[PDB]
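Colleague: Those sequence lines, one after another, are chains A and B. Start counting the first sequence at 546; every next residue gets the next number (UniProt numbering). Start counting the second sequence at 200; every next residue gets the next number (UniProt numbering). C-beta: ideal position from N, C-alpha, C; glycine also.
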Amino acid sequence: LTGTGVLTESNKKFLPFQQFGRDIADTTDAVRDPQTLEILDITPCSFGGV
Amino acid sequence: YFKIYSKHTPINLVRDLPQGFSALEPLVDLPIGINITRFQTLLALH
Ligand SMILES: *[C@@H]1O[C@H](CO)[C@@H](O)[C@H](O)[C@H]1NC(C)=O
């Protein structure tokens, strides 16, 4: 699962059966890490017009 | 895929099934590929 974004701590209690979450759009909002099993929040990197 | 969902909840109505809502989450998923057509439960003989 690839993407770009800021990974921060989160307080969304994933239940034991879900591994990754998706937006209203078909893209990841947060993910569970392998090896250490933790929940990383994904917030899109800043962008904008010039 | 044989998907198993389950939930334990208190109940207080023996005439029918108590009113309310609860969704059951998956626990086990076995890729057996067996044509399953019937099932039965097992009770402890006493
Ligand atoms: C990967 O390594 C970490 C480091 O201790 C360990 O806790 C974890 O259990 C390992 N992964 C699995 C799937 O066991």
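From the DSSP output, in three-state form, read off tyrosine 200 of chain B for me.
Modeller: Translated into the one-based positions of the second sequence, residue 200 of chain B becomes position 1. Three-state result, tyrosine 200 of chain B: coil.
Colleague: Please confirm if the stretch 221-230 of chain B is in contact with the stretch 200-211 of chain B, defined as three or more CB-CB distances below 8 Å between the two stretches.
Modeller: The stretch 221-230 of chain B is in contact with the stretch 200-211 of chain B.
Colleague: Can you tell me whether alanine 575 of chain A is buried or exposed? The criterion is at least 16 other CB atoms within 10 Å of its CB, across all chains shown.
Modeller: Within the first sequence, numbered from 1, the residue matching residue 575 of chain A stands at position 30. When all chains shown are included, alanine 575 of chain A counts as buried.
Colleague: Nearest to residue 162 of chain B by alpha carbon, out of B/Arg214, B/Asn211, B/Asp228 and B/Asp215?
Modeller: The question about residue 162 of chain B has no answer, for chain B in this structure spans 200 to 245.
Colleague: To which residues does DSSP link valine 551 of chain A through a beta bridge?
Modeller: Counting from 1 along the first sequence, the entry for residue 551 of chain A is found at position 6. According to DSSP, which records beta bridges pairwise, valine 551 of chain A is partnered with A/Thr588.
Colleague: Return the residue from the list A/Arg577, A/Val595, A/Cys590 and A/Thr581 that minimises the CA-CA distance to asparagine 556 of chain A.
Modeller: Numbered from 1 along the first sequence, position 11 holds the residue referred to as residue 556 of chain A. Among A/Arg577, A/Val595, A/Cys590 and A/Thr581, the Cα nearest to that of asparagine 556 of chain A is on A/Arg577.
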